[PDB]
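What follows is one chain in structure tokens, specifically the form deposited in one PDB entry.
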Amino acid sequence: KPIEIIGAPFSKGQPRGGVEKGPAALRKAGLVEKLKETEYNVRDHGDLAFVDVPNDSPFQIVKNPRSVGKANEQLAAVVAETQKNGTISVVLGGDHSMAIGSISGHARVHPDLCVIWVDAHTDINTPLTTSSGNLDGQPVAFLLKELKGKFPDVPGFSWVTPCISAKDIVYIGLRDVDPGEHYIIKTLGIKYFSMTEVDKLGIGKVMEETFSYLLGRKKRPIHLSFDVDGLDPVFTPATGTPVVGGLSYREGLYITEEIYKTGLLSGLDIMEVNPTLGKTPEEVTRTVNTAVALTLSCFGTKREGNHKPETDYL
């Protein structure tokens, strides 16, 4: 099965300039060459060039709405096409607002997909409930059917069409939710495993339930949107919104080793790596290294080892 990488060096969903240098640090760490070592074929589409929208006034409280919308509508066109040619898309970005295009474009081709959203945040604030004008906590509000017509249309997102329902997404690692967001997840009946649920069941029992929830009835493609801040700041410090008490390096890997075993991984997101926020060089390398290990695990690199087939090593 083919794998195609797509760079999304975009950072208008957040105050923090810097995340536009993420695909570059990842690529700079051997991400593309290591992928060729698996049993997959890798092609580097290359970074996208988002055309800046001038005089992009703020919509009420939301910042850079049109720049984020047009830049997203663009990832959408690229993902759908690559999905079209039966290939797995791996988007290296930028802040998490790029999940609007990455997930919608994926659903155009595979409308029966489900979403595993590993994050310390629910990123489900609507244009109204936000305390900031930051779109990095709103992507999911633009993707859910149940949330359509619940908030005024944001200039730049009329091309989006809520594709997945609150029932086709699962949250993993939550530990920082806004009163608004929590009220939404409780009202919509969204399946989630916050840090306390993970403490109770153990990552193993968790992954084993999300699969019988999403894949229980009918097997379907899986979209894996990974926000580096789902892991504790000790492993992935280079993120703009780190929160203590996160998933560990080991649990991080476990989620990706299990999602591979399903043979359903259709789309992948590695968001929020900001190389300019590592207080010291050590921190960044740490964030980039664990980010590369998560991507490799989604495509075969297991912790027990790996020996090429039809080969007798003796």
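Residue indices: 1-based, along the sequence shown.
In what follows, reference is made to the form deposited with a small molecule bound, a form of this protein that is not presented.
Note to self: If the criterion is a non-hydrogen atom within 4.5 angstroms, does every one of 121, 132 and 178 touch the small molecule in the deposited complex?
What the structure shows: All three within 4.5 Å in the deposited complex.
Notebook entry, point to check: Pick from 81-89, 214-222, 124-132, 158-166: which stretch has non-hydrogen atoms within 4.5 Å of the small molecule in the deposited complex?
Noted result: So the stretch in question is 124-132.
Note to self: Counting any non-hydrogen atom inside 4.5 Å, which residue from 173, 101, 137, 93 sits next to the small molecule in the deposited complex?
What the structure shows: Among 173, 101, 137, 93, a heavy atom within 4.5 Å of the small molecule in the deposited complex occurs only for 137.
Next item on the list: Heavy atom within 4.5 Å of the small molecule in the deposited complex: which of 210, 194, 241, 74 fits that? Just give me the one.
Entry: Exactly one listed residue reaches within 4.5 Å, namely 241.
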